[PDB]
Amino acid sequence: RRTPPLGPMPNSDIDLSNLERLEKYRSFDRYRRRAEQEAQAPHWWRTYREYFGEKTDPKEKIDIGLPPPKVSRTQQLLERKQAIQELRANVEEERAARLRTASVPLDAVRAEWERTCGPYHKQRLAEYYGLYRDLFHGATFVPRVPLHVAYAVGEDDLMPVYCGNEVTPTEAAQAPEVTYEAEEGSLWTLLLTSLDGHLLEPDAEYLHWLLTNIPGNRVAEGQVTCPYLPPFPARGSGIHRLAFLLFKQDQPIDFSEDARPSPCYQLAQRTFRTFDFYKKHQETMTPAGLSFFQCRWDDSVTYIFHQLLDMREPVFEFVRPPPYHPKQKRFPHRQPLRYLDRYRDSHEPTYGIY
Amino acid sequence: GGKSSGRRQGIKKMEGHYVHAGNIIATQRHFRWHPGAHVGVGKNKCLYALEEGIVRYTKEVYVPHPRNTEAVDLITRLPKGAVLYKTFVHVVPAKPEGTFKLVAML
Amino acid sequence: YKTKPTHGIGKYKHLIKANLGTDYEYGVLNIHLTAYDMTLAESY
Amino acid sequence: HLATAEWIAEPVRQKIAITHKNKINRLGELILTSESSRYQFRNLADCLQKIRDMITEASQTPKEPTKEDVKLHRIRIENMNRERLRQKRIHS
Amino acid sequence: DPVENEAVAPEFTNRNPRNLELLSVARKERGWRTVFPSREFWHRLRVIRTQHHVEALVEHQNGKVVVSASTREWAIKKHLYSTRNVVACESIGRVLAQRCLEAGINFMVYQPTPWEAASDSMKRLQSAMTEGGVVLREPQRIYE
């Protein structure tokens, strides 16, 4: 019994009458490339990606970001081509290239990337970290404008918060310095959330900082809706992710409902969700910047828990499920003597009635 | 002579069967099936599960290792656009690695 | 499996190979290059 | 209570509070628990031996170049990377 | 008597995708011993050397791509003489190492064919990654 295939055969298109005329792969790299390109295509049979690959909703990922700016591709390409023309005409550059000793300015390339391709890479990195999934319950945003946050340690040292890096709570104890390009007439809002810092409700998250109505780049003059609170990731609970979000207000916004008393050391009051918050504010609020970083536990968390939060610090532990053993049989055939030690619970000797 | 008995070699766990770590999935004289995710192969081409989960069978693209000169030579002689396919057996883990629970309140 | 519609997906030897002169084309030809300069001969 | 306990030397108390800081609760009490056996006698003996081992370790204060754990390898790598990523202000 | 701040759930739920990887307890996709390359890793570094351009990707095992460094990008084109030479490979390696350091990823894997491994451009890329601080060996999973 044979059943016709439900789709085209993988090698049905290739003829075989003139297979000698057909050009061969003749190399492993070409076959590998064709193989991966084929594997990246949908199929009507069961495949690895069907069972292990993640599934996405058919609806397109909804965007809430700032509309893309326009630019003249022809002029951009002309300037780029003349720049590379003069660069290749420069003999010293060509000699360095042939000697394989040329070097590129890392700071310059990063600064140019932050304006050219930075937003898309940052969006992809945030999607990989899953922020868009947990908060917003599924949405997308492109960080059109850049933001730079630094925590001041010592008198000179700065710990930056670029994207998903590791910063200790000892460094994050004080309020950081925030910089972002802006001009007069723009109202900004800064928010900080701990995605995994919650201790009671897994779905909810803890708000740690909220500034509203920042005039331009004058961050200090902004209204302090909620005082800054350093992160408190519990020891043994893993690595948490703390997210800074910069939003823009087309109209002035009153923040009376979400206002928090100063100080706000209660976890129930610090409980917050960006979901339904961006829902109630989306009419007159729109994101412009996003950043985040990873955080572990350190000694400063103990002080924060004992004094700032006035509570006993909880300590967690990662524990694996107990090993599986089959149901014990009365006569274990051909099993080693240690078969009974697997089902014995205590290693101390027992004597029963005696 | 030649009075040998059968070797009882074949599939031991079908599609959708729940397996534990170390269980033999299939034994074979030659590589009829290929291991996939969390499936190990022994010296005698015996397939066992490295993780506890559900067994699945799929058709997957065959890309041999470069050091396998015989298979490299075999695949380098195919007409352009040809792709080899083979049956792979996978196990989908069911339980998480572990959980975090409160152990002390200091 | 043979019964399943994906039967034969694993076949590969039908894509691999298992002289008579026509009246329009020549079967086998040989081009011999003679030279006292071996380098030029092999280069050509 | 560690600090209040006068039957141990003050530097030993300080070293114990430093090293075994994860076993000190909010009130400053050092806590040691044992579940290694079914007998309260053996569990108490284990706790007392733990206390004695801590005291003698603080007394000896070894300074040998001990081996590096594989778990701490990636921790020190990421700490070095974070130190490298740390930045200085232009104007001081 | 009860304190609201001390009300903590018995089980902690952490949704960070990288927490298990950083704790070195996430299970790796072992197997695939009959095919190349192996999938037993958390992050993979892939190099695509085309006729005109060179690309480097750092991607997760489940399919997602973490970071990229491609010679088509203008911030490196404006300083790069040629996108298909050892200088281009060195620049790509350094830039990707810096991007990964900023993103927080430190450990990856590299699974080259023997010829591209012996290739001089790729070994200079490895040197660039090493000097940038990226380690191309992942820590072994902690089973127990």
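Letters A, B, C, D and E name the chains as they come in the text, with residue numbers starting at 1 for each one.
Everything below uses one rule, namely that contacts are C-beta pairs under 8 Å (C-beta built on N, C-alpha and C of every residue); 3 or more make two chains touch, one makes a residue touch a chain.
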Check your understanding: Where centres are the averaged C-alpha coordinates, which chain has the largest centre distance to subunit E?
Key -> C
Study note, to complete from the structure: Comparing A-C with B-E, the one with more C-beta contacts is B-E
**Study point:** Centre distance in Å when subunit D and subunit E are each reduced to the mean of their C-alpha atoms
**Key:** 35
Exercise for review: For subunit C and subunit E, let me know how many angstrom lie between their CA-based centres, rounded off.
Suggested key: 43
Check your understanding: Once you find the CA centre of subunit A and the CA centre of subunit B, what distance in Å lies between them?
Key -> 33
Practice item. Would you pick out the residues of subunit D that each touch at least 2 other chains? Key: 22, 25-26, 78, 85
Review point. Which positions in subunit C touch two or more other chains at once?
Key: 6, 9, 15-16
Exercise for review: Mark out which residues of subunit A touch at least two other chains, giving numbers and ranges.
Suggested key: 10-11, 14, 19, 28, 45, 52, 165-166, 237-238, 312-316, 318
**Study point:** Pairs of chains, among all present, that meet the touch criterion
**Key:** A-B, A-C, A-D, A-E, B-C, B-D, B-E, D-E
Study note, to complete from the structure: The answer for subunit D against subunit A in the complex is residues 21-22, 25-26, 37-39, 78, 82, 85-89, 92
Point to revise | Complex contacts: residues of subunit B adjacent to subunit A | key: 20-21, 36-37, 52, 56-63, 66, 72, 75-85, 88, 90, 92, 95, 97-106
Check your understanding: Within the complex, which stretch of subunit E touches subunit B?
Key -> 6, 8-14, 20, 25-27, 29-36, 39, 113-114
Study note, to complete from the structure: Per the touch rule, the subunit A residues reaching subunit B in their complex are 10-11, 13-14, 19, 22-28, 30-32, 34-36, 38-39, 43, 45-48, 50-52, 236-238, 312-321, 324
**Study point:** Touching residues on subunit B, where the partner in the complex is subunit C
**Key:** 59, 77-79, 82, 84-87
